[PDB]
Structure formats: structure tokens, C-alpha cells
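**Q** Here you go, one structure.
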Amino acid sequence: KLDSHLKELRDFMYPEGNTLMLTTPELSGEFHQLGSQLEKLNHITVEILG
Amino acid sequence: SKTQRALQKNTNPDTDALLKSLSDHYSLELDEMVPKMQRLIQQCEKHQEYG
Amino acid sequence: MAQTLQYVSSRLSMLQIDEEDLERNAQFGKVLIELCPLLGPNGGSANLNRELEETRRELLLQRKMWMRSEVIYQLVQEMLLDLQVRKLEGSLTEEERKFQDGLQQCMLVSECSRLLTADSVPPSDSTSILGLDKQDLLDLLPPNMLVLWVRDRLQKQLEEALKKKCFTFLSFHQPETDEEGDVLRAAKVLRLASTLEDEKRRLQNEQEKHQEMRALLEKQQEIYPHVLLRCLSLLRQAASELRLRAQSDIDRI
Amino acid sequence: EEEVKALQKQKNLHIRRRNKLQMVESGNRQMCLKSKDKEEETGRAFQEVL
Amino acid sequence: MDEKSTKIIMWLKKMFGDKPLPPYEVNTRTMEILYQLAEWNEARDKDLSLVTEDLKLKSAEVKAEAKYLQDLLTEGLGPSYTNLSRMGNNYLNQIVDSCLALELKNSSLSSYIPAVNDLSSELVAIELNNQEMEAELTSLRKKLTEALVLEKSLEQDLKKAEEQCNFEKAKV
Numbered sequence: 499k500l501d502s503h504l505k506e507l508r509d510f511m512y513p514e515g516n517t518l519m520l521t522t523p524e525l526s527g528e529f530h531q532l533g534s535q536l537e538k539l540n541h542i543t544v545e546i547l548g
Numbered sequence: 565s566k567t568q569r570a571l572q573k574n575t576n577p578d579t580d581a582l583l584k585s586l587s588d589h590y591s592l593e594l595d596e597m598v599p600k601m602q603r604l605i606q607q608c609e610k611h612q613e614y615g
Numbered sequence: 001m002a003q004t005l006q007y008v009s010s011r012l013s014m015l016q017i018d019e020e021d022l023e024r025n026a027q028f029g030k031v032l033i034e035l036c037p038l039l040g041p042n043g044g045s046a047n048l049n050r051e052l053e054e055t056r057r058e059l060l061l062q063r064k065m066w067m068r069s070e071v072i073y074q075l076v077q078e079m080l081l082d083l084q085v086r087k088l089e090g091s092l093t094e095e096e097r098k099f100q101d102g103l104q105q106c107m108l109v110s111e112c113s114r115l116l117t118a119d120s121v122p123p124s125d126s127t128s129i130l131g132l133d134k135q136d137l138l139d140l141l142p143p144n145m146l147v148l149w150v151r152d153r154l155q156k157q158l159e160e161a162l163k164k165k166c167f168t169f170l171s172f173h174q175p176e177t178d179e180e181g182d183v184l185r186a187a188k189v190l191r192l193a194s195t196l197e198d199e200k201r202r203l204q205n206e207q208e209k210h211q212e213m214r215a216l217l218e219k220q221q222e223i224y225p226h227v228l229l230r231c232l233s234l235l236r237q238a239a240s241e242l243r244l245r246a247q248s249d250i251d252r253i
Numbered sequence: 101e102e103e104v105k106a107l108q109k110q111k112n113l114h115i116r117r118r119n120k121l122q123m124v125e126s127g128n129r130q131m132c133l134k135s136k137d138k139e140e141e142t143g144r145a146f147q148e149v150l
Numbered sequence: 001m002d003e004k005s006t007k008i009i010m011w012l013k014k015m016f017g018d019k020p021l022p023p024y025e026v027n028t029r030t031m032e033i034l035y036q037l038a039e040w041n042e043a044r045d046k047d048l049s050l051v052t053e054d055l056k057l058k059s060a061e062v063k064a065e066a067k068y069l070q071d072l073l074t075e076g077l078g079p080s081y082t083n084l085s086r087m088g089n090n091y092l093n094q095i096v097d098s099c100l101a102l103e104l105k106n107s108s109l110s111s112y113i114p115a116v117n118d119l120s121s122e123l124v125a126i127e128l129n130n131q132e133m134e135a136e137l138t139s140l141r142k143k144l145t146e147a148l149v150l151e152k153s154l155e156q157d158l159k160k161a162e163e164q165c166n167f168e169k170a171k172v
């Protein structure tokens, strides 16, 4: 039982086997993409104000 | 008896309850947070066109 | 400390002593080392174990003396049985028949003489069975010439029967020796007792090795669940404090 | 493979020892049948003395 | 508690005799271990004393029977049975010493045959059990080592994850 619980909890916390998964990978991608799009919008806003 | 006492001290939360809480949290991020971020991405793209 | 634990557990294998028990009680560890030579490896007092080993040696000496006479008596019984079976087959020579009847009569008269003789009771007061004396049985003994001839012929047959019984013993222990010549079989018989004694010593050593491995297995079976519980605790902390709480709040903000 | 060899050696030893026990037992059973005929012969000699 | 303490002090005085009792840390655990050791030693000493006194009796009975058989053989067979050749006496000694090694009742094939079979069967059965137990002990050592390496990895990954979470909290 201890071996099973350890294995199930480890497989959920380490889905790629080697890295502790703290954030949902889908959500981490969306944060990076929104960050990039907002940096472009800021550039357009600075250019027009200039 | 030492091992069962150690299991009883560590058991808040229970492993099945923790796996369920982890699965429910993962589903909540996919259903609510991901489609909120995608809407904000599409709004940023429309605001770039409005530029 | 580990060497002290290993020494005490090897001599007092019935004591559950933990490494923590010696770390907290260093003078108690000295009392256990001082008790280890006063206690035998069996938990009994060292003086009682010496008296047991002396009494065993004395018994073994008396048993060796008994066994020498017993082997000869049982060989004479076995020889009489074999000659008596061959007599029913009609396969005895006239000479072997005289020897078998003479030897059987000498043994029966001596056995029956001992059933009548209360050797230590003065002769006036001992009622004998059937009113028979040792003299009444001596008259049933073969002619004195036949007795002397049976005794002289017996010595050769007893050596032949000793060789045969040794060869049977060897051939049951080591059945591959049946294909070997008599000289090689005789050389292996001369080592048979030592080979059985080495096999018995090998059994004792493997029983000690079994107990030592079992004690080591049980110690690892106690430690392993605690290591798994510590790993489960670390994973639960990563799941509950980091993922579900601290990281979830970071991602919301 | 050492265990299979050890068990094969023990099987061959038990086969040889059983064959020897059956030879001893067959010789002994033939001696015992004749020893019963002897018990009847000595039983007759005992009745003669009676 | 006072009865167990008195039994231990009495037993230790009996075991050490005139030697001064070494000072030791008197606590619940050391008194429990000493109490079990004292009960086990008292039980074992009683059992050993009963065995020793029976072995003394048996030595006298076997000596009495040895004399009976010697005198019976001397009356029946004459002094001829003691005059064996050097090889006859070597064969006699090997039967005797083989029967002593096997702790036999007597020198019959009916006693020797089962004793050789039992010795051979117990030897192989214990050797097999020892191989099975050595395999379990090796397997459990591997699992224990893998679990200890996992414990160390989890300690490091948890610490890195705490440091990263504290850095992102400050940025948040």
C-alpha cells in the first residue's frame, strides 16, 4: 500500500518523470503567450503616443 | 504498530483525498483559467488591430 | 556503537536492542558486554554450559564403549539370521551348519545363563526360575572341542561381516561407490565418520547463517516502511503546500 | 540453474537410495517370510518340548 | 516496578558474584531489557540443570548396559571378539564413530538409513531456505536504496521548488 500510494502520488507530481510539476503546463503556455501579445500592444501604444 | 502510528500522524490529508484534490484543481484550471487567458489573448489581438 | 550492537546481538540474539538504546545508555552497553561472557551463546549461564559439555563428553565415552559391544552383538545376530535363512534355502555347507548351530547354542546358553544368575545374591536364598542353575544350562552347551572351533572360526567371520557392514554403510551414504573396487571402498570407509561429522557441522553452520540472515532481513523490513513514509511526506508537502496553495495563488494573481 | 543441478543431484541420490532400500526391503521381506517359517519351526520345536 | 528492580539486582549479584556491579543508566527501557534477560536466563538455567542431571543418569545406565554386553559376549564368544585384526578394529571404530556422529539408538541399518536420509534432507532444505532468504535480503536492500535515493531527490526538488515559489511570491 505504501509503495502504491508513493508511486501514484509521484506519477501525478512528476508527469515527465524528471521535473516537479507545480503549474499546469497548458496554463504556463497561455501565460507566456499573453505576456508576448501584451508586450506587442505596449509597443504599438508607445509608437502612436510618440 | 510504530509504522501504523506514523501513517496516522501523516494522514491529514489522505492520499486518495489529496490525489482527488489535485485532479479537481487541474480540471478547474483547464475549464476556467485557460479559456479566460485565451479570451484575454484574443482581446489583445483586437486592440492591436484597433491601433 | 555499531560494533557493540553487533557483538551483543550475535551473543544475545533474543534481545531486541536498538542503536538508540545504546546511544542514550552508554554505561548500560558496558554491562551487556560484561554479561556476554557470563551468559553462554544460548542465554544459559557459562558455568552450567561447561558442566553440560563435561557431562556430554562423559556420556559420549560410555556410549562409545557400549556401541563397540553392541555392534559385535548385532553383527552376531545378523550373521545368525543370514546363516539361518541360507539353512532354509538348503544353501549351507555341512560345516557352516555345524558353525551356525554351535554359535546359536553358545549364544542361547550364555543369554539364558544371565537370565538365571542373580550373580550377587548368596546361593542359599535365591529361588531360581524353574529351579534351574547355571550348571543345568552348561550341560546343553556343545562339546568343548566344538565351542573352541566355533570361537576360532568366528573371528574371521566377524571381520568379514564388519567389512560387509562398513561397505553397506558407505554404499547407502555414497551409492556411487558400488562401482568402485574394494581397496577404494576401504579407503572411503576410513573417512565415512568424519564425512558425516562434517555434514552435521555444515548443517549447524547453515542454521546459524539462516538465523543471522533472518535477523538482518527483519531489521531491513523495519527500516523500509519508514523511508517510504518520509518520501510520501515530502511528496504530500510538494502537492499540498506548493502546488495546491502557493503556486495556485501565484497563478491567480 | 545451480538449484536445478542441486535438485537433479538430490533426485538421483533419492532414486539410488530408494532402489537400495527396495533391495534391502526385498531381501529383508524374503528373510522375514523365512523367519516366519522359522517362527513356525521354533513354535513346533517349542510344542515338542511342551 | 519495585519487584522487577529487586529481581534484576538479585540476578545481577548472582551473575557478577564478587565482582563490583558496573554502574549503568537506570531507566524504564534498560530495566525492561535486563528483566527479559533475567527471566530468559533463569528459565534456560532451569532447563540446562534438568538436562545435565538426566545426562549424568544416562551415563550411569549406558555404563551398566556396556558391562552387561561385554560380559555376555565374553561368556558366549570367549575373549576372541576383542582380538580383532588392525583392519577389523578400524572397521569396528568407523561403524561406532558413524553411529555416534548420527546420535543413533543402535548400529542397525533400520537406525542408520533414516538418519542419513534426514541429515541429507535437512542440509538441502536449509541451503535452499538460505538462498531464498539471501535473495529476499538482496531484493529488499535494492528497494531500500532506491527509496533512500528518492528521499534525497525529493528533499532537493522540494527545496528548489520552495526557493522558486518564494522568488515568484516576491514578484507577485
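Residue numbers (the entry's author numbering), protein chains in the order written: chain A, 499 to 548; chain B, 565 to 615; chain C, 1 to 253; chain D, 101 to 150; chain E, 1 to 172.
C-beta atoms are modelled at their ideal positions from N, C-alpha and C, and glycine is treated no differently.
Along the chain, where does the alpha helix (DSSP H) containing residue 114 of chain E start, and where does it finish?
**A** On the fifth sequence, position 114 is the one that residue 114 of chain E refers to. Element bounds for residue 114 of chain E: 109-171.
**Q** Do residue 60 of chain C and residue 100 of chain E count as a contact pair if the criterion is CB distance below 8 Å?
**A** Residue numbering aside, residue 100 of chain E sits at position 100 when the fifth sequence is read from its first letter. Residue numbering aside, residue 60 of chain C sits at position 60 when the third sequence is read from its first letter. Going by C-beta atoms, residue 100 of chain E is nearer than 8 Å to residue 60 of chain C.
**Q** Does DSSP classify residue 84 of chain E as helix, strand or coil?
**A** Counting from one through the fifth sequence, the residue named residue 84 of chain E turns up at place 84. Three-state result, residue 84 of chain E: coil.
**Q** Please state the DSSP three-state secondary structure of residue 48 of chain E.
**A** One-based indexing of the fifth sequence puts residue 48 of chain E at position 48. Residue state, collapsed to three classes: helix.
**Q** For residue 11 of chain C, which residues from the same chain have a beta carbon less than 8 Å from its beta carbon, with the 5 sequence-adjacent residues on both sides left out?
**A** The sequence position of residue 11 of chain C within the third sequence is 11, counting from 1. 36, 39 and 41, listed in sequence order.
**Q** Let me know the secondary structure DSSP gives residue 587 of chain B once reduced to three states.
**A** Translated into the one-based positions of the second sequence, residue 587 of chain B becomes position 23. DSSP places residue 587 of chain B in helix when its eight states are reduced to three.
**Q** Count Cβ pairs between the segment 572-582 of chain B and the segment 502-509 of chain A that sit closer than 8 Å; are there 3 or more?
**A** When C-beta atoms of the segment 572-582 of chain B are compared with those of the segment 502-509 of chain A, three or more pairs fall below 8 Å, so the two segments count as touching.
**Q** Residues of chain C with CB under 8 Å from residue 500 of chain A, in chain order?
**A** As a working note, residue 500 of chain A is residue 2 in the first sequence. Listed along the chain, the chain C residues whose CB falls inside 8 Å of the CB of residue 500 of chain A are 225, 228, 229 and 232.
**Q** Given this structure, state the Cα-to-Cα distance separating residue 600 of chain B from residue 586 of chain B, to the nearest angstrom.
**A** Locating residue 600 of chain B in the second sequence gives position 36, where the first residue counts as 1. Locating residue 586 of chain B in the second sequence gives position 22, where the first residue counts as 1. Their backbone Cα atoms lie some 20 Å apart in a straight line.
**Q** With burial defined as no fewer than 16 other Cβ atoms inside 10 Å of the residue's Cβ, what is the status of residue 541 of chain A: buried or exposed?
**A** Taking the first sequence and counting its residues from 1, one reaches residue 541 of chain A at position 43. With fewer than 16 neighbouring CB atoms inside 10 Å of its own CB, residue 541 of chain A falls in the exposed class.
**Q** With a Cβ-Cβ cutoff of 8 Å, do residue 76 of chain E and residue 107 of chain C count as a contact?
**A** Within the fifth sequence, numbered from 1, the residue matching residue 76 of chain E stands at position 76. Within the third sequence, numbered from 1, the residue matching residue 107 of chain C stands at position 107. Yes; because the gap between Cβ atoms is below 8 Å, this pair is in contact.
**Q** Checking 8 Å against the spacing of the C-beta atoms, do residue 13 of chain C and residue 239 of chain C come in under that value?
**A** Walking along the third sequence from the start, residue 13 of chain C turns up at place 13. Walking along the third sequence from the start, residue 239 of chain C turns up at place 239. In this structure, residue 13 of chain C lies away from residue 239 of chain C, with their beta-carbon atoms at least 8 Å apart.
**Q** Taking CB distances under 8 Å as the criterion, tell me whether residue 39 of chain E reaches chain C.
**A** Taking the first residue of the fifth sequence as 1, we reach residue 39 of chain E at position 39. So, not an interface residue.
**Q** When we look at the beta-carbon of residue 25 of chain C and count the other beta-carbons within 10 Å, is it buried (16 or more) or exposed?
**A** Locating residue 25 of chain C in the third sequence gives position 25, counting from the first residue. So residue 25 of chain C counts as buried.
**Q** So, residue 27 of chain C versus residue 24 of chain E, is the Cβ gap smaller than 8 Å?
**A** Along the third sequence, one-based indexing puts residue 27 of chain C at 27. Along the fifth sequence, one-based indexing puts residue 24 of chain E at 24. Yes, these two residues count as a Cβ contact at 8 Å.
**Q** So, are the CB atoms of residue 172 of chain C and residue 189 of chain C less than 8 Å apart?
**A** Along the third sequence, read from residue 1 onward, the residue named residue 172 of chain C stands at position 172. Along the third sequence, read from residue 1 onward, the residue named residue 189 of chain C stands at position 189. Not in contact: residue 172 of chain C and residue 189 of chain C (Cβ atoms no closer than 8 Å).
**Q** Should residue 81 of chain E be labelled buried (16 or more other beta-carbon atoms within 10 Å of its own) or exposed?
**A** Taking the first residue of the fifth sequence as position 1, residue 81 of chain E is located at position 81. Under this definition residue 81 of chain E is a buried residue.
**Q** In the DSSP assignment, find the alpha helix (DSSP H) that holds residue 106 of chain C and state where it starts and stops.
**A** Translated into the one-based positions of the third sequence, residue 106 of chain C becomes position 106. Unbroken alpha helix (DSSP H) run through residue 106 of chain C: 94-116.
**Q** Going by DSSP in three states, residue 59 of chain E sits in which element: helix, strand or coil?
**A** Here residue 59 of chain E corresponds to residue number 59 of the fifth sequence, with the count starting at 1. Residue 59 of chain E falls in the helix class under three-state DSSP.
**Q** Excluding sequence positions up to five away, which residues of its chain have a Cβ less than 7 Å from the Cβ of residue 38 of chain E?
**A** Taking the fifth sequence and counting its residues from 1, the one referred to as residue 38 of chain E is at position 38. Closer than 7 Å at the Cβ level, and outside the excluded window around residue 38 of chain E, lie 7, 8 and 11.
**Q** Given 8 Å as the limit, is there contact between the segment 81-98 of chain E and the segment 67-85 of chain C, that is, 3 or more CB pairs closer than that?
**A** yes
**Q** Taking the Cβ atom as the reference point for each residue, do residue 247 of chain C and residue 521 of chain A lie within a distance shorter than 8 Å?
**A** Indexing the third sequence from 1 puts residue 247 of chain C at position 247. Indexing the first sequence from 1 puts residue 521 of chain A at position 23. Contact flag set, yes.
**Q** With H, G and I counted as helix, E and B as strand and the rest as coil, what does DSSP make of residue 21 of chain E?
**A** For the purposes of this step, residue 21 of chain E is taken as residue 21 along the fifth sequence, with counting starting at 1. It is coil, neither helix nor strand.
**Q** Between the Cα of residue 125 of chain E and the Cα atoms of C:160, C:234 and C:204, which residue gives the shortest distance?
**A** Counting from 1 along the fifth sequence, the entry for residue 125 of chain E is found at position 125. Closest option to residue 125 of chain E, Cα to Cα, is C:204.
**Q** Who are residue 45 of chain C's beta bridge partners in DSSP?
**A** Within the third sequence, numbered from 1, the residue matching residue 45 of chain C stands at position 45. Answer by DSSP bridge pairing, in chain order: C:39.
**Q** Determine whether the Cβ of residue 124 of chain E lies closer than 8 Å to any Cβ atom of chain H.
**A** Considering every chain present, this structure includes no chain H. Its protein chains are A, B, C, D and E.
**Q** Using a Cβ-Cβ cut-off of less than 9 Å, give me the residues of the segment 153-167 of chain E that come near chain A, in sequence order.
**A** 154, 157, 158, 160, 161, 164 and 165
**Q** Just verifying my parser: in three-state terms, what is the DSSP assignment at residue 195 of chain C?
**A** Locating residue 195 of chain C in the third sequence gives position 195, counting from the first residue. Residue 195 of chain C falls in the helix class under three-state DSSP.
**Q** Which of the three DSSP states, helix, strand or coil, is assigned to residue 105 of chain E?
**A** Position 105 of the fifth sequence, counting from 1, holds the residue named residue 105 of chain E. Reduced to three states, the DSSP call for residue 105 of chain E is coil.
**Q** Tell me the residue span of the alpha helix (DSSP H) that contains residue 144 of chain C.
**A** By one-based count along the third sequence, residue 144 of chain C stands at place 144. 144-173 is the span of the alpha helix (DSSP H), which, as asked, contains residue 144 of chain C.
**Q** Any chance the segment 114-133 of chain E sits against the segment 221-233 of chain C, with 3 or more Cβ pairs inside 8 Å?
**A** With the rule of 3 Cβ pairs closer than 8 Å, the segment 114-133 of chain E does not count as touching the segment 221-233 of chain C.
**Q** Any Cβ of chain E within less than 8 Å of the Cβ of residue 177 of chain C?
**A** Taking the first residue of the third sequence as position 1, residue 177 of chain C is located at position 177. It does not: the Cβ of residue 177 of chain C has no partner Cβ on chain E nearer than 8 Å.
**Q** Is residue 512 of chain A helix, strand or coil when you go by DSSP?
**A** Against the first sequence, residue 512 of chain A aligns to sequence position 14. Coil, per DSSP.
**Q** Measure the CB-CB distance between residue 250 of chain C and residue 162 of chain E and report whether it falls below 8 Å.
**A** As a first step, residue 250 of chain C is located in the third sequence; it is residue number 250 there, counting from the start. As a first step, residue 162 of chain E is located in the fifth sequence; it is residue number 162 there, counting from the start. Not closer than 8 Å, so no.
**Q** Indicate whether at least one CB of chain E lies closer than 8 Å to the CB of residue 103 of chain D.
**A** Walking along the fourth sequence from the start, residue 103 of chain D turns up at place 3. Chain E contact via Cβ: present.
**Q** Using DSSP with H/G/I as helix, E/B as strand and the rest coil, what is residue 125 of chain C?
**A** Your numbering for residue 125 of chain C matches position 125 in the third sequence. Here DSSP, grouped into helix, strand and coil, assigns residue 125 of chain C to coil.
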